[PDB]
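Worksheet: the structure to be examined is printed underneath.
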Amino acid sequence: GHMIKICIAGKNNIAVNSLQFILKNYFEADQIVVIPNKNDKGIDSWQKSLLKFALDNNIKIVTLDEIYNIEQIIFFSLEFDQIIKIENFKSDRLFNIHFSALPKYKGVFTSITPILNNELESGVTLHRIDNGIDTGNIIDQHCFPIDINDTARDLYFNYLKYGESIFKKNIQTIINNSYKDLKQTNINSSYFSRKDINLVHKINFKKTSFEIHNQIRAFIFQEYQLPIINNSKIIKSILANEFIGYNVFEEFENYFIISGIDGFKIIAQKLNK
Amino acid sequence: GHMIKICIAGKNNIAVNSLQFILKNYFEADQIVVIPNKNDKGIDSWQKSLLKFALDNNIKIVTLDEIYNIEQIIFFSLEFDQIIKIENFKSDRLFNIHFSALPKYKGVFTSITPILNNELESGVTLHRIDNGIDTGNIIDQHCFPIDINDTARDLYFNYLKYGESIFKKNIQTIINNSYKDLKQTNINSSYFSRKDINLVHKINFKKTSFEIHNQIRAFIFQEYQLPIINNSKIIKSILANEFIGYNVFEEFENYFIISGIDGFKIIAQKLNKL
Ligand SMILES: Cc1cn([C@H]2C[C@H](O)[C@@H](COP(=O)(O)OP(=O)(O)O[C@H]3O[C@H](C)[C@H](O)[C@H](N)[C@H]3O)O2)c(=O)[nH]c1=O
Ligand SMILES: Cc1cn([C@H]2C[C@H](O)[C@@H](COP(=O)(O)OP(=O)(O)O[C@H]3O[C@H](C)[C@H](O)[C@H](N)[C@H]3O)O2)c(=O)[nH]c1=O
Ligand SMILES: Nc1nc(=O)c2c([nH]1)NC[C@@H](CNc1ccc(C(=O)N[C@@H](CCC(=O)O)C(=O)O)cc1)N2C=O
Ligand SMILES: Nc1nc(=O)c2c([nH]1)NC[C@@H](CNc1ccc(C(=O)N[C@@H](CCC(=O)O)C(=O)O)cc1)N2C=O
Ligand SMILES: [Cl-]
Ligand SMILES: [Cl-]
């Protein structure tokens, strides 16, 4: 087989830390190639750059076209931005870690969609890549709570952490082609595309307190946007069991007090800016 | 105490059958009043008419304003259409059976909302009425499956059946005032108003087969409406485990074959099929 054993394709700390773990434990630089996402700027920001780590560690940056004909290569997507077509590849060893508890929440924006749909838990799922979006057979899953006042940003940093851990847990069996998998069910399968989510959320206040709270915190991801109430950005929502009456809305300098149709207290904290 | 011991307010098979049960087992006609819903024409149709049953059985028809001052009355809403204010009422014996597994799916259209939100089960919940919509303390609940090919209509007939049953199961304790209840949680609570549901549903096909199928079947309730695909009304959707390829969409004389982003076979039957 080839000098090249593995391609890491993707971004952010899950890709960089999983590549570092490969380089330290399994494969040398000359055995690895990397495909960064289109938007990788080659510098560290609020996540580390895959492109930078690869270049710093003498790992070649390649395109998809450059790896299709490499026999037996392991292709591993860690937040990769391109939909692949399996028949382009000689190898069938194609894997992804998806940031949801599949079969739920296929597609994109998976730090927003579980919260917006009232879930109490999410997960990370290692699966085979097939020609659909997050549809391939499941190899391993780790489910974890969405705590009641977690935001989309908090959820995303949990995916990063648990995704890195499920990679480390399973990578030796992927290298040895000794893993087991199971086809996904039709029932419970759900999917959201970019068009399904308006990133400038307009809150429906004719909803339960849990729903209004979930609407707010699903959009709290400051690196991208914060939800806005009367022209103030909200940085945190806090839901309590305290009944304060139905349909409360009051604005204060630093926060809003809100309740929905069931009357439980929400404190929506304004960004201190 | 007053002559009148109980009011049955509301409509359909659950109101009529529960009233019939009360009359057979607990109370006489001259101890009962009814408030039908505003739309009750007194005609048995695909549901029985509470107005007709009361007239046929010599049970007085009343307004809310006529029972507010009645001491100790049991007020039972069985699909009643009016939001009451509890302070209007001398009595605190105010009960509803809600067609969902509370705390989820408060509000309206509850034969549509759980299917549209991808649930595998629903339920009926007996609770105290408080000033909010379906927010009062839960007395009893029975959960049951939404079978994979059930329509909104099929789910409504299960609410009527399990609702009548939970009424019969609990009425002794309401009559003796010995029942127990528990406040609803804030978490998992959800609510839909009339405005949240467009009854002329436009299907989003960039979804999984389970989601496309739920979109179709949640709107199948023929006395009201049927979903329309390519200018054809749909009477049934059937979701299979069979993979047929991603994003299939083919129109035939009597049905559509459809799959979503995960490729599982849906058969959407046209109303015109013989
Ligand atoms: C772009 C963007 C993201 N976010 C949040 C929610 C997203 O879930 C989270 C991560 O955004 P993202 O674009 O990195 O990823 P997601 O949209 O979560 O995941 C998709 O895109 C990745 C690049 C992969 O292709 C993955 N297979 C896809 O599911 O950041 C915003 O809140 N506003 C935004 O404008
Ligand atoms: C009116 C209407 C109803 N439906 C279906 C879905 C509904 O869940 C089901 C029953 O309709 P409905 O109007 O009788 O009842 P729902 O909307 O289910 O229940 C509300 O209205 C009742 C009269 C009570 O006030 C109850 N407390 C409310 O939750 O029929 C339609 O599909 N299209 C429609 O246009
Ligand atoms: N075939 C394949 N299956 C996958 O499960 C998979 C890959 N490739 N490659 C890596 C990654 C890519 N994930 C994604 C997910 C969505 C979009 C995307 O652009 N979605 C568009 C809809 C595209 C369409 O309808 O064709 C959107 O607007 O949401 C891109 C990459 N991945 C698994 O993570
Ligand atoms: N106080 C009270 N609580 C209840 O839970 C209850 C009652 N009354 N009365 C009987 C019945 C009434 N159920 C309902 C539910 C919704 C609407 C309704 O018209 N909803 C409007 C929004 C109402 C609003 O915003 O104030 C809508 O457009 O959906 C009417 C009656 N019921 C429980 O079953
Ligand atoms: Cl990206
Ligand atoms: Cl090969």
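In the structure tokens, the first chain shown is A, the next is B, and so on; residue numbers restart at 1 for each chain, and ligands run from 1 in the order shown.
For residue 27 (chain B), the list of residues within 12 Å, based on only C-alpha atoms and with local chain neighbours fewer than 6 positions off taken out, reads residues 3, 4, 5, 6, 7, 18, 19, 20, 21, 33, 59, 74, 171, 172 and 175 of chain B.
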Residues of the last selection are to be written out with N, CA and C atoms, as a PDB file, in the first residue's frame.
ATOM      1  N   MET B   3     -79.465  22.652  43.319  1.00  0.00           N
ATOM      2  CA  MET B   3     -79.887  21.517  42.498  1.00  0.00           C
ATOM      3  C   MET B   3     -78.689  20.996  41.675  1.00  0.00           C
ATOM      4  N   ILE B   4     -78.063  21.905  40.927  1.00  0.00           N
ATOM      5  CA  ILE B   4     -77.074  21.563  39.903  1.00  0.00           C
ATOM      6  C   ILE B   4     -75.755  21.209  40.571  1.00  0.00           C
ATOM      7  N   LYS B   5     -75.322  19.977  40.346  1.00  0.00           N
ATOM      8  CA  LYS B   5     -74.054  19.465  40.851  1.00  0.00           C
ATOM      9  C   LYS B   5     -72.862  19.438  39.882  1.00  0.00           C
ATOM     10  N   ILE B   6     -73.152  19.485  38.586  1.00  0.00           N
ATOM     11  CA  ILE B   6     -72.080  19.257  37.596  1.00  0.00           C
ATOM     12  C   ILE B   6     -72.440  19.927  36.286  1.00  0.00           C
ATOM     13  N   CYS B   7     -71.402  20.462  35.633  1.00  0.00           N
ATOM     14  CA  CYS B   7     -71.566  20.987  34.286  1.00  0.00           C
ATOM     15  C   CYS B   7     -70.568  20.229  33.440  1.00  0.00           C
ATOM     16  N   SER B  18     -69.004  10.782  28.194  1.00  0.00           N
ATOM     17  CA  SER B  18     -68.747  11.004  29.612  1.00  0.00           C
ATOM     18  C   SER B  18     -70.037  11.436  30.323  1.00  0.00           C
ATOM     19  N   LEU B  19     -70.806  12.321  29.705  1.00  0.00           N
ATOM     20  CA  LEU B  19     -72.127  12.717  30.201  1.00  0.00           C
ATOM     21  C   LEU B  19     -73.007  11.469  30.322  1.00  0.00           C
ATOM     22  N   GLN B  20     -73.092  10.679  29.256  1.00  0.00           N
ATOM     23  CA  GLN B  20     -73.901   9.455  29.356  1.00  0.00           C
ATOM     24  C   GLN B  20     -73.468   8.608  30.561  1.00  0.00           C
ATOM     25  N   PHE B  21     -72.168   8.496  30.810  1.00  0.00           N
ATOM     26  CA  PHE B  21     -71.640   7.729  31.928  1.00  0.00           C
ATOM     27  C   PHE B  21     -72.083   8.345  33.262  1.00  0.00           C
ATOM     28  N   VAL B  33     -76.000  20.369  34.094  1.00  0.00           N
ATOM     29  CA  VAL B  33     -76.211  21.345  33.045  1.00  0.00           C
ATOM     30  C   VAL B  33     -75.102  21.095  32.019  1.00  0.00           C
ATOM     31  N   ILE B  59     -81.629  17.642  29.794  1.00  0.00           N
ATOM     32  CA  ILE B  59     -80.532  18.297  30.543  1.00  0.00           C
ATOM     33  C   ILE B  59     -80.468  19.754  30.125  1.00  0.00           C
ATOM     34  N   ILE B  74     -69.188  20.781  40.185  1.00  0.00           N
ATOM     35  CA  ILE B  74     -68.020  20.243  39.457  1.00  0.00           C
ATOM     36  C   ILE B  74     -68.078  20.766  38.033  1.00  0.00           C
ATOM     37  N   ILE B 171     -63.319   9.691  37.824  1.00  0.00           N
ATOM     38  CA  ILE B 171     -64.461  10.524  38.190  1.00  0.00           C
ATOM     39  C   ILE B 171     -64.934  10.265  39.632  1.00  0.00           C
ATOM     40  N   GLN B 172     -64.781   9.038  40.104  1.00  0.00           N
ATOM     41  CA  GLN B 172     -65.158   8.742  41.498  1.00  0.00           C
ATOM     42  C   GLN B 172     -64.391   9.670  42.455  1.00  0.00           C
ATOM     43  N   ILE B 175     -65.559  13.282  42.268  1.00  0.00           N
ATOM     44  CA  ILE B 175     -66.826  13.377  42.989  1.00  0.00           C
ATOM     45  C   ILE B 175     -66.594  13.368  44.501  1.00  0.00           C
TER      46      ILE B 175
END
Identify, counting only C-alpha atoms and all ligand atoms, the protein, DNA and RNA residues located within 9 Å of ligand 2, and give them as a PDB file with N, CA, C and O atoms, in the first residue's frame.
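Produced file selection23.pdb, reproduced below:
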ATOM      1  N   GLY B  10     -68.369  21.388  26.637  1.00  0.00           N
ATOM      2  CA  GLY B  10     -67.490  21.009  25.508  1.00  0.00           C
ATOM      3  C   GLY B  10     -68.271  20.278  24.436  1.00  0.00           C
ATOM      4  O   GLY B  10     -69.403  20.665  24.117  1.00  0.00           O
ATOM      5  N   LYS B  11     -67.597  19.304  23.826  1.00  0.00           N
ATOM      6  CA  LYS B  11     -68.117  18.748  22.541  1.00  0.00           C
ATOM      7  C   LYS B  11     -67.608  17.336  22.280  1.00  0.00           C
ATOM      8  O   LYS B  11     -66.724  16.814  22.944  1.00  0.00           O
ATOM      9  N   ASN B  12     -68.255  16.737  21.271  1.00  0.00           N
ATOM     10  CA  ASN B  12     -67.765  15.515  20.593  1.00  0.00           C
ATOM     11  C   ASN B  12     -67.954  14.281  21.433  1.00  0.00           C
ATOM     12  O   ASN B  12     -68.600  14.261  22.507  1.00  0.00           O
ATOM     13  N   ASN B  37     -70.164  23.839  22.954  1.00  0.00           N
ATOM     14  CA  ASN B  37     -69.370  24.811  22.225  1.00  0.00           C
ATOM     15  C   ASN B  37     -70.176  25.640  21.252  1.00  0.00           C
ATOM     16  O   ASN B  37     -71.293  25.237  20.904  1.00  0.00           O
ATOM     17  N   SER B  77     -64.493  20.463  31.702  1.00  0.00           N
ATOM     18  CA  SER B  77     -64.258  20.787  30.297  1.00  0.00           C
ATOM     19  C   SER B  77     -63.752  19.534  29.566  1.00  0.00           C
ATOM     20  O   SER B  77     -62.789  18.897  29.985  1.00  0.00           O
ATOM     21  N   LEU B  78     -64.517  19.168  28.534  1.00  0.00           N
ATOM     22  CA  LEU B  78     -64.182  18.013  27.647  1.00  0.00           C
ATOM     23  C   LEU B  78     -64.243  18.591  26.245  1.00  0.00           C
ATOM     24  O   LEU B  78     -65.290  18.641  25.588  1.00  0.00           O
ATOM     25  N   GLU B  79     -63.091  19.076  25.792  1.00  0.00           N
ATOM     26  CA  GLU B  79     -62.987  19.850  24.585  1.00  0.00           C
ATOM     27  C   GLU B  79     -63.772  21.152  24.518  1.00  0.00           C
ATOM     28  O   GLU B  79     -64.205  21.641  23.491  1.00  0.00           O
ATOM     29  N   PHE B  80     -63.886  21.794  25.702  1.00  0.00           N
ATOM     30  CA  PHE B  80     -64.563  23.085  25.774  1.00  0.00           C
ATOM     31  C   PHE B  80     -63.804  24.217  25.095  1.00  0.00           C
ATOM     32  O   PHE B  80     -62.540  24.203  25.163  1.00  0.00           O
ATOM     33  N   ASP B  81     -64.497  25.148  24.452  1.00  0.00           N
ATOM     34  CA  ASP B  81     -63.870  26.163  23.627  1.00  0.00           C
ATOM     35  C   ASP B  81     -63.572  27.517  24.311  1.00  0.00           C
ATOM     36  O   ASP B  81     -63.087  28.420  23.632  1.00  0.00           O
ATOM     37  N   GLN B  82     -63.975  27.636  25.576  1.00  0.00           N
ATOM     38  CA  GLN B  82     -63.829  28.934  26.273  1.00  0.00           C
ATOM     39  C   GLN B  82     -62.801  28.834  27.393  1.00  0.00           C
ATOM     40  O   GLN B  82     -62.896  27.945  28.213  1.00  0.00           O
ATOM     41  N   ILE B  83     -61.867  29.796  27.370  1.00  0.00           N
ATOM     42  CA  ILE B  83     -60.881  30.025  28.429  1.00  0.00           C
ATOM     43  C   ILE B  83     -61.633  30.604  29.628  1.00  0.00           C
ATOM     44  O   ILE B  83     -62.182  31.683  29.474  1.00  0.00           O
ATOM     45  N   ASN B  96     -60.237  19.632  33.466  1.00  0.00           N
ATOM     46  CA  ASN B  96     -60.126  19.491  32.001  1.00  0.00           C
ATOM     47  C   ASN B  96     -59.379  18.195  31.741  1.00  0.00           C
ATOM     48  O   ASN B  96     -58.486  17.771  32.459  1.00  0.00           O
ATOM     49  N   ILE B  97     -59.755  17.529  30.637  1.00  0.00           N
ATOM     50  CA  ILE B  97     -58.884  16.535  30.016  1.00  0.00           C
ATOM     51  C   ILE B  97     -58.276  17.132  28.739  1.00  0.00           C
ATOM     52  O   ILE B  97     -58.957  17.575  27.812  1.00  0.00           O
ATOM     53  N   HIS B  98     -56.935  17.194  28.798  1.00  0.00           N
ATOM     54  CA  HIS B  98     -56.152  17.740  27.675  1.00  0.00           C
ATOM     55  C   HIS B  98     -55.574  16.603  26.828  1.00  0.00           C
ATOM     56  O   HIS B  98     -55.052  15.634  27.348  1.00  0.00           O
ATOM     57  N   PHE B  99     -55.767  16.846  25.527  1.00  0.00           N
ATOM     58  CA  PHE B  99     -55.315  15.856  24.516  1.00  0.00           C
ATOM     59  C   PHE B  99     -53.823  16.029  24.192  1.00  0.00           C
ATOM     60  O   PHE B  99     -53.429  16.329  23.059  1.00  0.00           O
ATOM     61  N   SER B 100     -52.970  15.842  25.192  1.00  0.00           N
ATOM     62  CA  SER B 100     -51.535  15.611  24.992  1.00  0.00           C
ATOM     63  C   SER B 100     -50.951  15.033  26.259  1.00  0.00           C
ATOM     64  O   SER B 100     -51.644  14.990  27.293  1.00  0.00           O
ATOM     65  N   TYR B 105     -47.025  20.058  24.463  1.00  0.00           N
ATOM     66  CA  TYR B 105     -48.136  20.293  23.561  1.00  0.00           C
ATOM     67  C   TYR B 105     -49.383  20.852  24.239  1.00  0.00           C
ATOM     68  O   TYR B 105     -50.518  20.432  23.983  1.00  0.00           O
ATOM     69  N   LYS B 106     -49.135  21.836  25.102  1.00  0.00           N
ATOM     70  CA  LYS B 106     -50.239  22.734  25.486  1.00  0.00           C
ATOM     71  C   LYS B 106     -50.768  23.480  24.268  1.00  0.00           C
ATOM     72  O   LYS B 106     -50.099  23.569  23.208  1.00  0.00           O
ATOM     73  N   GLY B 107     -51.969  24.062  24.401  1.00  0.00           N
ATOM     74  CA  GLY B 107     -52.500  24.886  23.345  1.00  0.00           C
ATOM     75  C   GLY B 107     -53.464  24.081  22.494  1.00  0.00           C
ATOM     76  O   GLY B 107     -54.289  23.364  23.064  1.00  0.00           O
ATOM     77  N   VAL B 108     -53.354  24.261  21.195  1.00  0.00           N
ATOM     78  CA  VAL B 108     -54.380  23.778  20.246  1.00  0.00           C
ATOM     79  C   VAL B 108     -53.775  22.857  19.203  1.00  0.00           C
ATOM     80  O   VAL B 108     -52.553  22.701  19.171  1.00  0.00           O
ATOM     81  N   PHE B 109     -54.646  22.308  18.351  1.00  0.00           N
ATOM     82  CA  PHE B 109     -54.202  21.438  17.222  1.00  0.00           C
ATOM     83  C   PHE B 109     -53.345  20.316  17.728  1.00  0.00           C
ATOM     84  O   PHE B 109     -52.360  19.962  17.062  1.00  0.00           O
ATOM     85  N   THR B 110     -53.681  19.651  18.830  1.00  0.00           N
ATOM     86  CA  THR B 110     -52.777  18.680  19.405  1.00  0.00           C
ATOM     87  C   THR B 110     -52.795  17.334  18.665  1.00  0.00           C
ATOM     88  O   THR B 110     -52.064  16.439  19.089  1.00  0.00           O
ATOM     89  N   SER B 111     -53.690  17.139  17.700  1.00  0.00           N
ATOM     90  CA  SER B 111     -53.587  15.943  16.847  1.00  0.00           C
ATOM     91  C   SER B 111     -52.609  16.260  15.734  1.00  0.00           C
ATOM     92  O   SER B 111     -52.205  15.300  15.006  1.00  0.00           O
ATOM     93  N   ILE B 112     -52.175  17.489  15.527  1.00  0.00           N
ATOM     94  CA  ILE B 112     -51.194  17.872  14.495  1.00  0.00           C
ATOM     95  C   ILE B 112     -49.823  18.038  15.153  1.00  0.00           C
ATOM     96  O   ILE B 112     -48.817  17.501  14.671  1.00  0.00           O
ATOM     97  N   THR B 113     -49.719  18.820  16.213  1.00  0.00           N
ATOM     98  CA  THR B 113     -48.412  19.256  16.704  1.00  0.00           C
ATOM     99  C   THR B 113     -47.471  18.099  17.121  1.00  0.00           C
ATOM    100  O   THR B 113     -46.276  18.190  16.798  1.00  0.00           O
ATOM    101  N   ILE B 133     -53.391  28.345  30.013  1.00  0.00           N
ATOM    102  CA  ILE B 133     -53.819  27.329  29.012  1.00  0.00           C
ATOM    103  C   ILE B 133     -53.112  25.994  29.247  1.00  0.00           C
ATOM    104  O   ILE B 133     -51.890  25.888  28.957  1.00  0.00           O
ATOM    105  N   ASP B 134     -53.825  25.007  29.778  1.00  0.00           N
ATOM    106  CA  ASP B 134     -53.383  23.640  29.978  1.00  0.00           C
ATOM    107  C   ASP B 134     -52.202  23.541  30.945  1.00  0.00           C
ATOM    108  O   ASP B 134     -51.367  22.640  30.944  1.00  0.00           O
ATOM    109  N   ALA B 152     -53.272  12.587  11.631  1.00  0.00           N
ATOM    110  CA  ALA B 152     -53.880  13.431  12.682  1.00  0.00           C
ATOM    111  C   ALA B 152     -55.284  12.951  13.089  1.00  0.00           C
ATOM    112  O   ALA B 152     -55.627  12.963  14.279  1.00  0.00           O
ATOM    113  N   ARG B 153     -56.096  12.546  12.120  1.00  0.00           N
ATOM    114  CA  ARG B 153     -57.422  12.005  12.409  1.00  0.00           C
ATOM    115  C   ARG B 153     -57.326  10.775  13.291  1.00  0.00           C
ATOM    116  O   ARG B 153     -58.109  10.586  14.240  1.00  0.00           O
ATOM    117  N   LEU B 155     -54.961   9.909  15.316  1.00  0.00           N
ATOM    118  CA  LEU B 155     -54.557  10.364  16.668  1.00  0.00           C
ATOM    119  C   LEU B 155     -55.735  11.029  17.429  1.00  0.00           C
ATOM    120  O   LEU B 155     -55.938  10.671  18.588  1.00  0.00           O
ATOM    121  N   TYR B 156     -56.562  11.813  16.743  1.00  0.00           N
ATOM    122  CA  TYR B 156     -57.709  12.435  17.417  1.00  0.00           C
ATOM    123  C   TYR B 156     -58.641  11.346  17.906  1.00  0.00           C
ATOM    124  O   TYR B 156     -59.124  11.459  19.053  1.00  0.00           O
ATOM    125  N   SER B 193     -50.141  27.823  19.444  1.00  0.00           N
ATOM    126  CA  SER B 193     -51.401  28.540  19.215  1.00  0.00           C
ATOM    127  C   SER B 193     -51.921  28.367  17.807  1.00  0.00           C
ATOM    128  O   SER B 193     -51.180  27.846  16.965  1.00  0.00           O
ATOM    129  N   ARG B 194     -53.136  28.830  17.521  1.00  0.00           N
ATOM    130  CA  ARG B 194     -53.662  28.677  16.154  1.00  0.00           C
ATOM    131  C   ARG B 194     -52.716  29.275  15.115  1.00  0.00           C
ATOM    132  O   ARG B 194     -52.533  28.712  14.030  1.00  0.00           O
ATOM    133  N   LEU B 199     -52.619  25.722   8.211  1.00  0.00           N
ATOM    134  CA  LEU B 199     -53.396  24.533   7.915  1.00  0.00           C
ATOM    135  C   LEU B 199     -53.300  24.147   6.445  1.00  0.00           C
ATOM    136  O   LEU B 199     -53.708  23.044   6.082  1.00  0.00           O
ATOM    137  N   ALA B 218     -49.517  14.597   9.452  1.00  0.00           N
ATOM    138  CA  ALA B 218     -49.995  15.504  10.513  1.00  0.00           C
ATOM    139  C   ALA B 218     -51.134  16.333   9.990  1.00  0.00           C
ATOM    140  O   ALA B 218     -51.878  16.892  10.843  1.00  0.00           O
ATOM    141  N   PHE B 219     -51.323  16.467   8.679  1.00  0.00           N
ATOM    142  CA  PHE B 219     -52.392  17.308   8.135  1.00  0.00           C
ATOM    143  C   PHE B 219     -53.533  16.523   7.502  1.00  0.00           C
ATOM    144  O   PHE B 219     -54.466  17.093   6.935  1.00  0.00           O
ATOM    145  N   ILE B 220     -53.454  15.202   7.611  1.00  0.00           N
ATOM    146  CA  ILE B 220     -54.526  14.372   7.093  1.00  0.00           C
ATOM    147  C   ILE B 220     -55.629  14.281   8.138  1.00  0.00           C
ATOM    148  O   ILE B 220     -55.544  13.503   9.081  1.00  0.00           O
ATOM    149  N   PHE B 221     -56.702  15.025   7.851  1.00  0.00           N
ATOM    150  CA  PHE B 221     -57.878  14.979   8.742  1.00  0.00           C
ATOM    151  C   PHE B 221     -59.033  15.469   7.871  1.00  0.00           C
ATOM    152  O   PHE B 221     -59.392  16.657   7.882  1.00  0.00           O
ATOM    153  N   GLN B 222     -59.618  14.536   7.128  1.00  0.00           N
ATOM    154  CA  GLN B 222     -60.362  14.871   5.929  1.00  0.00           C
ATOM    155  C   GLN B 222     -61.586  15.781   6.175  1.00  0.00           C
ATOM    156  O   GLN B 222     -61.893  16.615   5.325  1.00  0.00           O
ATOM    157  N   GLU B 223     -62.269  15.668   7.307  1.00  0.00           N
ATOM    158  CA  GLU B 223     -63.372  16.592   7.594  1.00  0.00           C
ATOM    159  C   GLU B 223     -62.964  18.066   7.597  1.00  0.00           C
ATOM    160  O   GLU B 223     -63.799  18.967   7.405  1.00  0.00           O
ATOM    161  N   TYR B 224     -61.669  18.343   7.779  1.00  0.00           N
ATOM    162  CA  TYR B 224     -61.105  19.667   7.772  1.00  0.00           C
ATOM    163  C   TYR B 224     -60.305  19.919   6.504  1.00  0.00           C
ATOM    164  O   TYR B 224     -60.605  20.850   5.761  1.00  0.00           O
ATOM    165  N   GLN B 225     -59.246  19.142   6.302  1.00  0.00           N
ATOM    166  CA  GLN B 225     -58.387  19.317   5.147  1.00  0.00           C
ATOM    167  C   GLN B 225     -57.549  18.071   4.909  1.00  0.00           C
ATOM    168  O   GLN B 225     -57.451  17.137   5.711  1.00  0.00           O
ATOM    169  N   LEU B 226     -56.943  18.104   3.707  1.00  0.00           N
ATOM    170  CA  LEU B 226     -55.905  17.124   3.333  1.00  0.00           C
ATOM    171  C   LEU B 226     -54.752  17.882   2.713  1.00  0.00           C
ATOM    172  O   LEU B 226     -54.943  18.864   2.017  1.00  0.00           O
TER     173      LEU B 226
END
Query raised in the report: Using only C-alpha atoms and all ligand atoms, what are the residues with an atom within 10 Å of ligand 6, set out as a PyMOL selection string?
Result: chain A and resi 1-2+68-74+89-93
Would you save the residues of that selection, restricted to N, CA and C atoms, as a compact mmCIF listing (two decimals), in the first residue's frame?
# COMPACT_ATOMS: atom_id res chain seq x y z
N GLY A 1 0.86 -1.22 0.00
CA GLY A 1 0.00 0.00 0.00
C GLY A 1 0.87 1.24 0.00
N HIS A 2 0.25 2.39 0.27
CA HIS A 2 0.88 3.67 -0.04
C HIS A 2 1.69 4.13 1.16
N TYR A 68 -7.88 10.71 -4.02
CA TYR A 68 -8.87 9.71 -4.44
C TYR A 68 -8.25 8.38 -4.83
N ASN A 69 -7.06 8.44 -5.43
CA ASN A 69 -6.46 7.20 -5.96
C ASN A 69 -5.52 6.51 -5.01
N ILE A 70 -5.45 6.93 -3.75
CA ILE A 70 -4.55 6.32 -2.79
C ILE A 70 -5.24 5.10 -2.18
N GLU A 71 -4.71 3.93 -2.50
CA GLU A 71 -5.27 2.70 -2.01
C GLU A 71 -5.23 2.66 -0.49
N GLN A 72 -6.35 2.24 0.07
CA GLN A 72 -6.46 1.94 1.47
C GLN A 72 -6.28 3.12 2.42
N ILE A 73 -6.32 4.32 1.88
CA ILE A 73 -6.20 5.48 2.79
C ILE A 73 -7.40 5.57 3.71
N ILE A 74 -7.12 5.98 4.93
CA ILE A 74 -8.22 6.31 5.87
C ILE A 74 -8.57 7.78 5.69
N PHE A 89 -13.50 7.62 -4.67
CA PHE A 89 -12.36 7.05 -3.90
C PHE A 89 -12.11 5.58 -4.24
N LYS A 90 -10.83 5.21 -4.36
CA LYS A 90 -10.47 3.78 -4.37
C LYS A 90 -10.76 3.15 -3.03
N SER A 91 -10.40 3.85 -1.95
CA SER A 91 -10.64 3.34 -0.60
C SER A 91 -12.10 3.50 -0.18
N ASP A 92 -12.58 2.56 0.61
CA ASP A 92 -13.87 2.58 1.27
C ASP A 92 -13.74 2.92 2.76
N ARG A 93 -12.58 3.41 3.22
CA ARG A 93 -12.37 3.63 4.64
C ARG A 93 -12.61 5.12 4.96
Rows by chain and residue number, chain B within 9 Å of chain A, shortest pair, only C-alpha atoms, as a Markdown table:
| residue | atom | partner | partner_atom | distance |
| --- | --- | --- | --- | --- |
| B:106 | CA | A:208 | CA | 8.8 |
| B:117 | CA | A:117 | CA | 8.5 |
| B:118 | CA | A:188 | CA | 6.9 |
| B:119 | CA | A:188 | CA | 8.1 |
| B:120 | CA | A:188 | CA | 8.3 |
| B:131 | CA | A:246 | CA | 8.9 |
| B:132 | CA | A:262 | CA | 6.5 |
| B:133 | CA | A:261 | CA | 7.2 |
| B:134 | CA | A:262 | CA | 8.6 |
| B:135 | CA | A:262 | CA | 6.1 |
| B:148 | CA | A:187 | CA | 8.4 |
| B:185 | CA | A:241 | CA | 7.7 |
| B:186 | CA | A:241 | CA | 6.1 |
| B:187 | CA | A:210 | CA | 5.9 |
| B:188 | CA | A:118 | CA | 6.9 |
| B:189 | CA | A:210 | CA | 6.2 |
| B:190 | CA | A:208 | CA | 5.6 |
| B:191 | CA | A:207 | CA | 5.5 |
| B:192 | CA | A:207 | CA | 7.0 |
| B:193 | CA | A:206 | CA | 7.7 |
| B:206 | CA | A:193 | CA | 7.6 |
| B:207 | CA | A:191 | CA | 5.5 |
| B:208 | CA | A:190 | CA | 5.6 |
| B:209 | CA | A:186 | CA | 7.2 |
| B:210 | CA | A:187 | CA | 6.0 |
| B:211 | CA | A:190 | CA | 6.4 |
| B:239 | CA | A:186 | CA | 8.6 |
| B:240 | CA | A:186 | CA | 8.0 |
| B:241 | CA | A:186 | CA | 6.2 |
| B:242 | CA | A:186 | CA | 8.9 |
| B:246 | CA | A:132 | CA | 7.2 |
| B:261 | CA | A:132 | CA | 6.7 |
| B:262 | CA | A:135 | CA | 6.0 |
| B:263 | CA | A:132 | CA | 8.4 |
| B:264 | CA | A:186 | CA | 6.7 |
**Report entry** strand (DSSP E or B) per DSSP on the backbone: members of region 99-274 of chain B, as a PyMOL selection string
**Finding:** chain B and resi 106-107+121-128+138-145+182+191-192+221+225+228-229+232-243+249-251+255-258+264-270
Would you name the residues within 6 Å of ligand 5, counting only C-alpha atoms and all ligand atoms, and put them as a short mmCIF file (atom, residue, chain, number, x, y, z; two decimals) with C-alpha atoms, in the first residue's frame?
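Contents of out-v5.cif, as written:
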data_model
loop_
_atom_site.label_atom_id
_atom_site.label_comp_id
_atom_site.auth_asym_id
_atom_site.auth_seq_id
_atom_site.Cartn_x
_atom_site.Cartn_y
_atom_site.Cartn_z
CA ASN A 37 -11.63 23.78 5.22
CA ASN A 39 -12.05 29.24 5.25
CA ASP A 81 -16.84 21.40 4.86
#
